[PDB]
>>> print(open('query_5.txt').read())   # compact mmCIF, C-alpha atoms and all ligand atoms
# COMPACT_ATOMS: atom_id res chain seq x y z
CA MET A 1 -6.00 -18.70 -22.59
CA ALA A 2 -8.93 -17.50 -20.56
CA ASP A 3 -12.05 -19.66 -20.38
CA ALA A 4 -14.99 -18.71 -22.64
CA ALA A 5 -17.11 -17.91 -19.57
CA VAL A 6 -14.45 -15.46 -18.35
CA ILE A 7 -14.27 -13.73 -21.72
CA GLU A 8 -18.06 -13.41 -21.57
CA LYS A 9 -17.96 -11.64 -18.19
CA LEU A 10 -15.14 -9.49 -19.60
CA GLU A 11 -17.32 -8.42 -22.54
CA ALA A 12 -20.12 -7.52 -20.13
CA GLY A 13 -17.61 -5.62 -18.00
CA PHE A 14 -16.31 -3.62 -20.93
CA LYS A 15 -19.88 -2.67 -21.71
CA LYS A 16 -20.55 -1.59 -18.19
CA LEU A 17 -17.48 0.64 -18.28
CA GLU A 18 -18.78 2.13 -21.52
CA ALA A 19 -22.25 2.52 -19.99
CA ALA A 20 -20.78 4.49 -17.08
CA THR A 21 -20.28 7.73 -19.00
CA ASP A 22 -19.64 9.39 -15.62
CA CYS A 23 -16.76 7.05 -14.72
CA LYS A 24 -13.37 8.62 -13.93
CA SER A 25 -11.24 5.56 -13.11
CA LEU A 26 -7.87 5.05 -14.76
CA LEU A 27 -9.25 1.63 -15.74
CA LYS A 28 -11.97 3.24 -17.84
CA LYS A 29 -9.46 5.74 -19.19
CA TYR A 30 -6.95 3.17 -20.50
CA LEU A 31 -9.04 0.12 -21.26
CA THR A 32 -9.75 1.15 -24.84
CA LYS A 33 -11.48 -1.30 -27.14
CA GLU A 34 -8.12 -2.02 -28.76
CA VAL A 35 -6.33 -2.88 -25.54
CA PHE A 36 -9.36 -4.82 -24.30
CA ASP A 37 -9.53 -6.91 -27.43
CA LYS A 38 -5.86 -7.78 -27.33
CA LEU A 39 -5.78 -8.75 -23.66
CA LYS A 40 -9.20 -10.27 -22.97
CA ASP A 41 -8.32 -13.89 -23.72
CA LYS A 42 -4.82 -13.91 -22.21
CA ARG A 43 -3.92 -15.77 -19.06
CA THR A 44 -0.78 -15.91 -16.89
CA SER A 45 1.01 -19.23 -16.31
CA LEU A 46 -0.68 -19.37 -12.89
CA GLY A 47 -4.11 -18.85 -14.47
CA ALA A 48 -4.79 -15.16 -13.88
CA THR A 49 -7.00 -13.50 -16.50
CA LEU A 50 -7.82 -9.92 -17.49
CA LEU A 51 -10.95 -10.37 -15.33
CA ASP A 52 -8.76 -11.05 -12.29
CA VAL A 53 -7.14 -7.69 -13.10
CA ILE A 54 -10.09 -5.39 -13.81
CA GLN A 55 -13.04 -6.91 -11.95
CA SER A 56 -12.75 -4.53 -9.01
CA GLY A 57 -12.90 -1.47 -11.30
CA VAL A 58 -15.84 -2.94 -13.21
CA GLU A 59 -17.78 -3.69 -10.01
CA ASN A 60 -16.86 -0.44 -8.31
CA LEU A 61 -17.24 2.23 -10.98
CA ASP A 62 -16.20 4.94 -8.51
CA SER A 63 -12.72 3.41 -8.33
CA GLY A 64 -9.85 5.85 -8.86
CA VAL A 65 -7.65 3.22 -10.46
CA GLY A 66 -9.74 0.05 -10.63
CA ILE A 67 -7.16 -2.65 -11.27
CA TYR A 68 -4.99 -4.97 -9.20
CA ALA A 69 -2.27 -7.48 -10.05
CA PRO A 70 -3.32 -11.07 -9.32
CA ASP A 71 0.26 -12.35 -9.68
CA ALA A 72 3.63 -10.81 -10.56
CA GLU A 73 3.39 -12.06 -14.15
CA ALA A 74 0.23 -9.97 -14.64
CA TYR A 75 2.32 -6.80 -14.60
CA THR A 76 4.09 -8.10 -17.73
CA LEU A 77 1.32 -9.97 -19.51
CA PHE A 78 -1.17 -7.13 -19.07
CA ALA A 79 1.45 -4.36 -19.43
CA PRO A 80 -0.56 -2.63 -22.18
CA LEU A 81 -3.12 -1.76 -19.48
CA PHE A 82 -0.84 -1.63 -16.42
CA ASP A 83 1.87 0.57 -17.93
CA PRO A 84 -0.20 3.63 -18.88
CA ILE A 85 -2.20 3.39 -15.67
CA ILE A 86 1.03 3.27 -13.72
CA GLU A 87 2.37 6.23 -15.76
CA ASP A 88 -0.81 8.25 -15.20
CA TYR A 89 -1.16 7.47 -11.48
CA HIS A 90 2.51 7.84 -10.56
CA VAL A 91 2.98 11.32 -11.91
CA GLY A 92 6.49 11.88 -13.17
CA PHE A 93 7.42 8.22 -13.29
CA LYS A 94 8.18 8.29 -16.99
CA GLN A 95 8.28 5.61 -19.69
CA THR A 96 12.07 5.90 -19.80
CA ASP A 97 12.47 5.72 -16.02
CA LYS A 98 13.13 2.66 -13.89
CA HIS A 99 12.44 2.59 -10.18
CA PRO A 100 15.74 2.70 -8.29
CA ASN A 101 17.01 -0.19 -6.23
CA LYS A 102 16.28 -0.02 -2.45
CA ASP A 103 18.12 2.76 -0.63
CA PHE A 104 17.02 3.71 2.88
CA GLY A 105 19.90 6.22 2.93
CA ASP A 106 21.02 7.74 6.25
CA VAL A 107 17.94 6.83 8.29
CA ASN A 108 19.01 8.65 11.44
CA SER A 109 19.58 11.96 9.66
CA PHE A 110 15.86 12.78 9.51
CA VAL A 111 14.75 15.37 12.05
CA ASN A 112 11.91 15.83 14.49
CA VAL A 113 9.63 18.02 12.35
CA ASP A 114 7.78 19.34 15.42
CA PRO A 115 10.00 18.99 18.51
CA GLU A 116 7.56 21.02 20.62
CA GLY A 117 4.65 18.75 19.71
CA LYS A 118 2.43 21.70 18.79
CA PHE A 119 1.05 20.37 15.50
CA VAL A 120 2.02 16.75 14.92
CA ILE A 121 0.20 14.30 17.14
CA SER A 122 2.01 11.31 15.62
CA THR A 123 4.43 10.18 12.92
CA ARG A 124 4.23 6.91 11.01
CA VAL A 125 6.14 5.27 8.16
CA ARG A 126 4.73 2.23 6.43
CA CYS A 127 5.79 0.05 3.57
CA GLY A 128 4.45 -3.08 1.93
CA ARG A 129 6.13 -6.26 0.74
CA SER A 130 5.07 -9.29 -1.21
CA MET A 131 6.86 -12.51 -0.27
CA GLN A 132 9.03 -14.08 -2.96
CA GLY A 133 7.51 -17.36 -4.15
CA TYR A 134 3.88 -16.36 -3.46
CA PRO A 135 1.45 -14.66 -5.84
CA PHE A 136 -0.98 -11.93 -4.76
CA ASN A 137 -4.33 -12.48 -2.97
CA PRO A 138 -6.59 -13.72 -5.80
CA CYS A 139 -4.09 -16.42 -6.85
CA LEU A 140 -3.29 -17.69 -3.37
CA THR A 141 -4.52 -21.10 -2.23
CA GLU A 142 -5.75 -21.60 1.34
CA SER A 143 -2.63 -23.63 2.02
CA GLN A 144 -0.38 -20.80 0.83
CA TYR A 145 -2.21 -18.31 3.08
CA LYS A 146 -1.55 -20.60 6.05
CA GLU A 147 2.05 -21.41 5.15
CA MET A 148 2.75 -17.70 4.73
CA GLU A 149 1.15 -17.03 8.09
CA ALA A 150 3.34 -19.72 9.69
CA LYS A 151 6.55 -18.30 8.21
CA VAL A 152 5.69 -14.69 9.06
CA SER A 153 4.45 -15.53 12.57
CA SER A 154 7.63 -17.49 13.26
CA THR A 155 9.85 -14.71 11.91
CA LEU A 156 8.10 -11.85 13.74
CA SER A 157 7.86 -13.83 16.99
CA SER A 158 11.63 -14.27 16.95
CA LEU A 159 12.29 -10.50 16.77
CA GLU A 160 14.20 -9.15 19.77
CA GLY A 161 14.91 -5.86 21.51
CA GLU A 162 12.75 -2.93 20.44
CA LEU A 163 10.83 -5.14 18.02
CA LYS A 164 9.95 -7.89 20.51
CA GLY A 165 6.20 -8.41 20.65
CA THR A 166 3.15 -10.54 20.05
CA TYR A 167 1.61 -12.13 16.98
CA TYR A 168 -2.20 -12.52 16.87
CA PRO A 169 -3.85 -14.56 14.13
CA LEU A 170 -7.26 -13.22 13.10
CA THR A 171 -8.69 -16.74 12.92
CA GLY A 172 -10.54 -17.55 16.13
CA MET A 173 -9.64 -14.22 17.80
CA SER A 174 -11.91 -13.47 20.77
CA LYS A 175 -14.00 -10.32 21.11
CA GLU A 176 -11.89 -9.29 24.12
CA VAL A 177 -8.63 -9.40 22.13
CA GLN A 178 -10.40 -7.62 19.29
CA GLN A 179 -11.43 -4.78 21.61
CA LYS A 180 -7.90 -4.46 22.99
CA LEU A 181 -6.41 -4.24 19.48
CA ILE A 182 -9.16 -1.91 18.31
CA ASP A 183 -8.47 0.41 21.27
CA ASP A 184 -4.86 0.67 20.04
CA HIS A 185 -6.06 1.00 16.43
CA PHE A 186 -4.07 -2.14 15.63
CA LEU A 187 -6.84 -4.29 14.18
CA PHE A 188 -7.81 -4.47 10.52
CA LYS A 189 -11.10 -5.78 9.24
CA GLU A 190 -12.16 -7.92 6.31
CA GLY A 191 -11.54 -5.99 3.07
CA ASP A 192 -14.05 -3.56 1.63
CA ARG A 193 -15.95 -3.73 -1.67
CA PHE A 194 -12.87 -2.75 -3.69
CA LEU A 195 -10.90 -5.64 -2.23
CA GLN A 196 -13.86 -8.07 -2.28
CA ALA A 197 -14.47 -7.49 -5.99
CA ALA A 198 -10.73 -8.02 -6.59
CA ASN A 199 -11.10 -11.44 -4.94
CA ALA A 200 -8.57 -10.24 -2.39
CA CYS A 201 -10.39 -11.68 0.62
CA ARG A 202 -10.83 -15.39 -0.21
CA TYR A 203 -10.77 -17.71 2.80
CA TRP A 204 -10.84 -14.76 5.25
CA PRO A 205 -9.63 -14.87 8.04
CA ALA A 206 -7.34 -17.80 7.13
CA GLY A 207 -3.70 -16.73 7.14
CA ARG A 208 -4.51 -13.18 8.26
CA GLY A 209 -2.86 -11.77 11.36
CA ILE A 210 -1.44 -8.81 13.23
CA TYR A 211 1.81 -8.29 15.10
CA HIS A 212 2.89 -5.46 17.36
CA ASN A 213 5.88 -4.82 19.59
CA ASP A 214 5.67 -4.30 23.35
CA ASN A 215 6.27 -0.56 22.97
CA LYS A 216 3.39 -0.18 20.49
CA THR A 217 5.63 1.61 18.00
CA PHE A 218 5.74 -1.25 15.49
CA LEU A 219 2.83 -2.90 13.72
CA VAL A 220 2.58 -5.53 10.96
CA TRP A 221 -0.54 -6.62 9.13
CA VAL A 222 -0.32 -10.03 7.50
CA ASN A 223 -2.37 -10.69 4.34
CA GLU A 224 -4.66 -7.66 4.62
CA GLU A 225 -4.16 -6.26 1.10
CA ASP A 226 -0.51 -7.12 0.56
CA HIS A 227 1.27 -10.08 2.16
CA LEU A 228 3.01 -7.70 4.57
CA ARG A 229 2.13 -4.17 5.59
CA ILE A 230 4.92 -2.98 7.85
CA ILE A 231 4.47 0.10 10.02
CA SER A 232 6.56 2.12 12.48
CA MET A 233 4.83 4.87 14.47
CA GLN A 234 5.15 6.98 17.59
CA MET A 235 3.71 10.05 19.24
CA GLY A 236 5.24 13.37 18.26
CA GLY A 237 7.28 14.24 15.20
CA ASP A 238 10.60 12.37 15.33
CA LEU A 239 10.70 11.04 11.76
CA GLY A 240 14.29 9.88 12.24
CA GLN A 241 13.35 7.55 15.09
CA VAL A 242 10.34 6.27 13.20
CA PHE A 243 12.17 5.57 9.94
CA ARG A 244 15.14 3.96 11.69
CA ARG A 245 12.78 1.53 13.45
CA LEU A 246 10.97 0.69 10.22
CA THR A 247 14.14 0.07 8.23
CA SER A 248 15.63 -2.02 11.02
CA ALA A 249 12.51 -4.15 11.05
CA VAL A 250 12.28 -4.53 7.26
CA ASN A 251 15.95 -5.49 7.06
CA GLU A 252 15.51 -8.05 9.87
CA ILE A 253 12.47 -9.57 8.20
CA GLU A 254 14.25 -9.79 4.85
CA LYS A 255 16.99 -11.96 6.37
CA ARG A 256 14.34 -14.66 6.76
CA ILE A 257 11.73 -13.74 4.15
CA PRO A 258 12.89 -12.59 0.69
CA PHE A 259 10.66 -10.07 -1.10
CA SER A 260 9.19 -9.93 -4.58
CA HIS A 261 10.84 -7.15 -6.58
CA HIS A 262 10.97 -5.90 -10.17
CA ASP A 263 13.73 -4.11 -12.08
CA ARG A 264 11.45 -1.38 -13.35
CA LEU A 265 8.54 -1.38 -10.92
CA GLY A 266 10.41 -1.76 -7.64
CA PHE A 267 8.78 -3.73 -4.83
CA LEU A 268 5.75 -5.47 -6.27
CA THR A 269 2.41 -4.87 -4.58
CA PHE A 270 -1.16 -6.01 -5.13
CA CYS A 271 -2.36 -2.52 -6.02
CA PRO A 272 -0.22 -0.64 -8.53
CA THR A 273 -0.69 2.52 -6.45
CA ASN A 274 1.70 0.94 -3.94
CA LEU A 275 4.64 0.09 -6.23
CA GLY A 276 8.18 1.45 -6.19
CA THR A 277 9.25 2.20 -2.62
CA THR A 278 5.73 1.31 -1.38
CA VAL A 279 6.52 3.95 1.25
CA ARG A 280 3.87 6.05 2.94
CA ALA A 281 5.48 8.37 5.48
CA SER A 282 2.84 10.40 7.26
CA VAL A 283 2.05 12.68 10.15
CA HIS A 284 -1.28 13.06 11.87
CA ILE A 285 -1.16 16.81 12.19
CA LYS A 286 -3.39 19.63 13.29
CA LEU A 287 -3.24 22.74 11.12
CA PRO A 288 -6.32 24.80 12.10
CA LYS A 289 -5.47 27.91 10.06
CA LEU A 290 -4.45 26.19 6.84
CA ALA A 291 -7.50 23.94 7.17
CA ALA A 292 -9.90 26.89 7.24
CA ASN A 293 -9.87 26.52 3.46
CA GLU A 294 -9.59 22.84 2.56
CA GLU A 295 -8.87 23.70 -1.10
CA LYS A 296 -5.91 25.87 -0.04
CA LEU A 297 -4.49 23.10 2.16
CA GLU A 298 -4.80 20.69 -0.78
CA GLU A 299 -3.04 23.12 -3.13
CA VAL A 300 -0.18 23.79 -0.71
CA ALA A 301 0.28 20.11 0.11
CA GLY A 302 0.39 19.22 -3.59
CA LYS A 303 2.96 21.92 -4.24
CA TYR A 304 5.29 20.11 -1.81
CA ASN A 305 4.33 16.66 -3.15
CA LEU A 306 2.18 15.81 -0.13
CA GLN A 307 -1.17 14.05 -0.06
CA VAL A 308 -3.93 14.95 2.42
CA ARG A 309 -6.20 12.26 3.88
CA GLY A 310 -8.45 11.50 6.85
CA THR A 311 -7.00 10.10 10.06
CA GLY A 320 -11.33 17.71 14.08
CA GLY A 321 -8.83 19.51 11.89
CA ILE A 322 -6.53 16.49 12.15
CA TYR A 323 -5.12 15.36 8.82
CA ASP A 324 -3.03 12.47 7.64
CA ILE A 325 -0.45 14.18 5.46
CA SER A 326 2.01 11.97 3.59
CA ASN A 327 4.47 11.86 0.72
CA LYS A 328 2.58 11.69 -2.54
CA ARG A 329 5.37 10.01 -4.54
CA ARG A 330 6.06 6.27 -4.36
CA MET A 331 7.81 5.49 -7.65
CA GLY A 332 10.91 6.96 -9.30
CA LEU A 333 12.60 7.96 -6.06
CA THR A 334 14.44 6.15 -3.28
CA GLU A 335 12.93 5.39 0.11
CA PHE A 336 15.27 8.01 1.54
CA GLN A 337 14.04 10.54 -1.01
CA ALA A 338 10.38 9.75 -0.31
CA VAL A 339 10.79 10.20 3.43
CA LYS A 340 12.81 13.35 2.82
CA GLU A 341 10.03 14.78 0.62
CA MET A 342 7.57 14.16 3.43
CA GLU A 343 10.00 15.67 5.95
CA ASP A 344 10.70 18.85 3.95
CA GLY A 345 7.06 19.28 2.94
CA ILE A 346 5.75 18.99 6.50
CA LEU A 347 8.40 21.43 7.76
CA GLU A 348 7.24 23.89 5.14
CA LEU A 349 3.55 23.27 5.87
CA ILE A 350 4.13 23.99 9.56
CA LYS A 351 5.92 27.25 8.73
CA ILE A 352 2.99 28.27 6.51
CA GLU A 353 0.55 27.47 9.31
CA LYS A 354 2.49 29.54 11.84
CA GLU A 355 2.68 32.52 9.49
CA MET A 356 -0.94 32.58 8.30
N1 LIG B 1 -5.77 0.61 -0.66
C1 LIG B 1 -5.55 0.90 -1.94
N2 LIG B 1 -4.79 0.11 -2.71
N3 LIG B 1 -6.10 1.99 -2.46
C2 LIG B 1 -5.94 2.41 -3.84
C3 LIG B 1 -6.87 1.64 -4.77
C4 LIG B 1 -8.29 1.61 -4.24
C5 LIG B 1 -9.33 1.19 -5.29
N4 LIG B 1 -8.93 -0.05 -5.95
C6 LIG B 1 -9.50 2.30 -6.31
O1 LIG B 1 -9.17 2.11 -7.48
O2 LIG B 1 -9.96 3.39 -5.97
>>> encode(input="query_5.txt", output="structure tokens")
Amino acid sequence: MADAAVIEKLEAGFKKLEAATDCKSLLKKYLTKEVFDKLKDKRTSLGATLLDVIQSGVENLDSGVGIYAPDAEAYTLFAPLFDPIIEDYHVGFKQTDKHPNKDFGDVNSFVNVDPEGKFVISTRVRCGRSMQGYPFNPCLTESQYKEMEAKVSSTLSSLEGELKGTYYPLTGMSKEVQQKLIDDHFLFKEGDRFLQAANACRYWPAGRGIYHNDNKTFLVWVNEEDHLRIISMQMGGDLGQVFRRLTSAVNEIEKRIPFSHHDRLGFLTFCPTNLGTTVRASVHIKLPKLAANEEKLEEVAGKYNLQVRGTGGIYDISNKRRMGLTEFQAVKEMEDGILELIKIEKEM
């Protein structure tokens, strides 16, 4: 399986994880000596090793999770490490569960959670897709990066109506175009230490790109962390409008680019935190009263299965659940939770 030199670095990595008595990553938690020993010499048919899985968590001890899938096969071959980490991270996605098939449900039925625009500055729904036939970042060749870019660029550039827009490859992009995209918060940068140590950024910026529509309500990142990160956003709180746009776009893309998908895990993504629906429906929202006590905000959000992140008392608040529920259900959890959070804010 894995080359002797790889196994050697794996042994050193296991020791580092043991050295880090302070470490709280799911990687440390589930990479017992037993599981390590059984997996350390294995290799997928494409050549991915346990090192290609855990290197990021070894290098960055402060990782929360600390593993990534280098190809789809890795989810199966290294299941003894992936499965419990997935179970632990995706709370409530049980051993006996399977992630449901795609179901966007009635996309137009979602409401404006803040019609007055008093709390929510903007609403965004994102998903991620891997492209069928291509492995994840660390197993991609330069040629695959470029071929993927060509296919995606051609597909996106043929979108019409609301979705009509412009594709910009990162390669050779001028500073002026960079500033324009930065000003709209459309540009992504080369991946951070977690992605670097996962070998997720090889050949950067080759095959990396950004697309947005004329209206600036639709944004796609190509080969940032996943092959496709697909995002619908607009000012205010109309989650119905946002989700409808996203689903329309994802459906249109799928006609030309089939996606990698798994019977149990749902849509396959590079990081296992993004599996299942992959959906992250969020508001950027100002809740000055509830934010007087950050710990209280966190507690209340969690009660309604919401996650609080950065994004001046302005929070990115999103659905916490990704696996074991439909896309419709995930957006609905965000919808209902935000409605309830706003009520709490008003009444405090
Ligand atoms: N962008 C992400 N996939 N974030 C979640 C994982 C981040 C990093 N690998 C960690 O374990 O903390």
>>> residues_near_ligand(input="query_5.txt", ligand="ligand LIG 1 (chain B)", cutoff="8 Å", atoms="all atoms listed in the file", output="compact mmCIF listing (two decimals) with C-alpha atoms, in the frame of the given file")
# COMPACT_ATOMS: atom_id res chain seq x y z
CA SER A 25 -11.24 5.56 -13.11
CA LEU A 26 -7.87 5.05 -14.76
CA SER A 56 -12.75 -4.53 -9.01
CA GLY A 57 -12.90 -1.47 -11.30
CA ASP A 62 -16.20 4.94 -8.51
CA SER A 63 -12.72 3.41 -8.33
CA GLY A 64 -9.85 5.85 -8.86
CA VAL A 65 -7.65 3.22 -10.46
CA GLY A 66 -9.74 0.05 -10.63
CA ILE A 67 -7.16 -2.65 -11.27
CA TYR A 68 -4.99 -4.97 -9.20
CA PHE A 194 -12.87 -2.75 -3.69
CA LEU A 195 -10.90 -5.64 -2.23
CA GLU A 225 -4.16 -6.26 1.10
CA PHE A 270 -1.16 -6.01 -5.13
CA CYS A 271 -2.36 -2.52 -6.02
CA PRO A 272 -0.22 -0.64 -8.53
CA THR A 273 -0.69 2.52 -6.45
CA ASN A 274 1.70 0.94 -3.94
>>> residues_around(input="query_5.txt", residues="residue A:47", least_positions_apart="5", cutoff="10 Å", atoms="only C-alpha atoms", output="short mmCIF file (atom, residue, chain, number, x, y, z; two decimals) with C-alpha atoms, in the coordinates of the input")
data_model
loop_
_atom_site.label_atom_id
_atom_site.label_comp_id
_atom_site.auth_asym_id
_atom_site.auth_seq_id
_atom_site.Cartn_x
_atom_site.Cartn_y
_atom_site.Cartn_z
CA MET A 1 -6.00 -18.70 -22.59
CA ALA A 2 -8.93 -17.50 -20.56
CA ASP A 3 -12.05 -19.66 -20.38
CA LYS A 42 -4.82 -13.91 -22.21
CA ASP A 52 -8.76 -11.05 -12.29
CA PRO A 70 -3.32 -11.07 -9.32
CA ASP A 71 0.26 -12.35 -9.68
CA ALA A 74 0.23 -9.97 -14.64
CA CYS A 139 -4.09 -16.42 -6.85
#
>>> closest_residue(input="query_5.txt", among="A:72, A:201, A:249, A:268", to="residue A:158", atoms="all atoms listed in the file")
A:249
>>> atom_distance(input="query_5.txt", atom1="atom CA of residue A:121", atom2="atom CA of residue A:219")
17.7 Å
>>> atom_distance(input="query_5.txt", atom1="atom CA of residue A:345", atom2="atom CA of residue A:248")
24.3 Å
>>> residues_around(input="query_5.txt", residues="residue A:120", least_positions_apart="2", cutoff="6 Å", atoms="all atoms listed in the file", output="list in words")
residues 117, 122, 236, 237, 284 and 285 of chain A
>>> closest_atom_pairs(input="query_5.txt", of="stretch 78-126 of chain A", to="stretch 254-261 of chain A", cutoff="12 Å", atoms="all atoms listed in the file", output="JSON lines")
{"residue": "A:99", "atom": "CA", "partner": "A:261", "partner_atom": "CA", "distance": 10.5}
{"residue": "A:100", "atom": "CA", "partner": "A:261", "partner_atom": "CA", "distance": 11.1}
{"residue": "A:101", "atom": "CA", "partner": "A:261", "partner_atom": "CA", "distance": 9.3}
{"residue": "A:102", "atom": "CA", "partner": "A:261", "partner_atom": "CA", "distance": 9.9}
>>> write_last_selection(input="query_5.txt", atoms="C-alpha atoms", output="PDB file, in the coordinates of the input")
ATOM      1  CA  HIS A  99      12.440   2.590 -10.180  1.00  0.00           C
ATOM      2  CA  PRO A 100      15.740   2.700  -8.290  1.00  0.00           C
ATOM      3  CA  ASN A 101      17.010  -0.190  -6.230  1.00  0.00           C
ATOM      4  CA  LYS A 102      16.280  -0.020  -2.450  1.00  0.00           C
TER       5      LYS A 102
END
>>> build_atoms(input="query_5.txt", residues="stretch 304-330 of chain A", atoms="N, CA, C and O atoms", output="JSON list (two decimals), keeping the file's coordinate frame")
[["chain", "number", "residue", "atom", "x", "y", "z"],
["A", 304, "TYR", "N", 4.13, 20.75, -2.45],
["A", 304, "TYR", "CA", 5.29, 20.11, -1.81],
["A", 304, "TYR", "C", 5.24, 18.58, -1.90],
["A", 304, "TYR", "O", 5.83, 17.88, -1.07],
["A", 305, "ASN", "N", 4.56, 18.09, -2.93],
["A", 305, "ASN", "CA", 4.33, 16.66, -3.15],
["A", 305, "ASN", "C", 3.83, 15.90, -1.92],
["A", 305, "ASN", "O", 4.34, 14.83, -1.59],
["A", 306, "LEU", "N", 2.84, 16.48, -1.25],
["A", 306, "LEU", "CA", 2.18, 15.81, -0.13],
["A", 306, "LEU", "C", 0.75, 15.49, -0.50],
["A", 306, "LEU", "O", 0.15, 16.17, -1.34],
["A", 307, "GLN", "N", 0.21, 14.45, 0.12],
["A", 307, "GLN", "CA", -1.17, 14.05, -0.06],
["A", 307, "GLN", "C", -1.91, 14.20, 1.26],
["A", 307, "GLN", "O", -1.38, 13.84, 2.31],
["A", 308, "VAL", "N", -3.14, 14.72, 1.21],
["A", 308, "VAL", "CA", -3.93, 14.95, 2.42],
["A", 308, "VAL", "C", -5.07, 13.94, 2.52],
["A", 308, "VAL", "O", -5.87, 13.79, 1.60],
["A", 309, "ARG", "N", -5.15, 13.24, 3.66],
["A", 309, "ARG", "CA", -6.20, 12.26, 3.88],
["A", 309, "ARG", "C", -6.79, 12.34, 5.29],
["A", 309, "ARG", "O", -6.30, 13.08, 6.14],
["A", 310, "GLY", "N", -7.85, 11.57, 5.53],
["A", 310, "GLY", "CA", -8.45, 11.50, 6.85],
["A", 310, "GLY", "C", -7.60, 10.66, 7.77],
["A", 310, "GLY", "O", -6.78, 9.86, 7.31],
["A", 311, "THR", "N", -7.77, 10.84, 9.08],
["A", 311, "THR", "CA", -7.00, 10.10, 10.06],
["A", 311, "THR", "C", -7.21, 10.65, 11.45],
["A", 311, "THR", "O", -7.90, 11.65, 11.62],
["A", 320, "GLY", "N", -11.76, 16.88, 12.96],
["A", 320, "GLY", "CA", -11.33, 17.71, 14.08],
["A", 320, "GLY", "C", -10.13, 18.56, 13.70],
["A", 320, "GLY", "O", -9.37, 19.00, 14.56],
["A", 321, "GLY", "N", -9.97, 18.78, 12.40],
["A", 321, "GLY", "CA", -8.83, 19.51, 11.89],
["A", 321, "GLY", "C", -7.55, 18.69, 11.95],
["A", 321, "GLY", "O", -6.45, 19.24, 11.82],
["A", 322, "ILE", "N", -7.69, 17.38, 12.14],
["A", 322, "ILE", "CA", -6.53, 16.49, 12.15],
["A", 322, "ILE", "C", -6.43, 15.76, 10.81],
["A", 322, "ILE", "O", -7.36, 15.07, 10.40],
["A", 323, "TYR", "N", -5.30, 15.93, 10.14],
["A", 323, "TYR", "CA", -5.12, 15.36, 8.82],
["A", 323, "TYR", "C", -3.99, 14.35, 8.80],
["A", 323, "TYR", "O", -3.01, 14.47, 9.53],
["A", 324, "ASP", "N", -4.15, 13.33, 7.97],
["A", 324, "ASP", "CA", -3.03, 12.47, 7.64],
["A", 324, "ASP", "C", -2.39, 13.10, 6.41],
["A", 324, "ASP", "O", -3.01, 13.17, 5.35],
["A", 325, "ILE", "N", -1.17, 13.59, 6.58],
["A", 325, "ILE", "CA", -0.45, 14.18, 5.46],
["A", 325, "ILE", "C", 0.80, 13.37, 5.19],
["A", 325, "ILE", "O", 1.62, 13.16, 6.09],
["A", 326, "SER", "N", 0.95, 12.91, 3.94],
["A", 326, "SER", "CA", 2.01, 11.97, 3.59],
["A", 326, "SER", "C", 2.69, 12.31, 2.28],
["A", 326, "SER", "O", 2.19, 13.12, 1.51],
["A", 327, "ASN", "N", 3.84, 11.70, 2.02],
["A", 327, "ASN", "CA", 4.47, 11.86, 0.72],
["A", 327, "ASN", "C", 3.55, 11.31, -0.35],
["A", 327, "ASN", "O", 2.99, 10.22, -0.22],
["A", 328, "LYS", "N", 3.44, 12.07, -1.43],
["A", 328, "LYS", "CA", 2.58, 11.69, -2.54],
["A", 328, "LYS", "C", 3.30, 10.70, -3.46],
["A", 328, "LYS", "O", 2.68, 9.81, -4.02],
["A", 329, "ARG", "N", 4.61, 10.83, -3.60],
["A", 329, "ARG", "CA", 5.37, 10.01, -4.54],
["A", 329, "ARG", "C", 5.82, 8.68, -3.95],
["A", 329, "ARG", "O", 6.28, 8.62, -2.81],
["A", 330, "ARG", "N", 5.69, 7.62, -4.75],
["A", 330, "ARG", "CA", 6.06, 6.27, -4.36],
["A", 330, "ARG", "C", 7.09, 5.70, -5.32],
["A", 330, "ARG", "O", 7.99, 4.98, -4.90]]
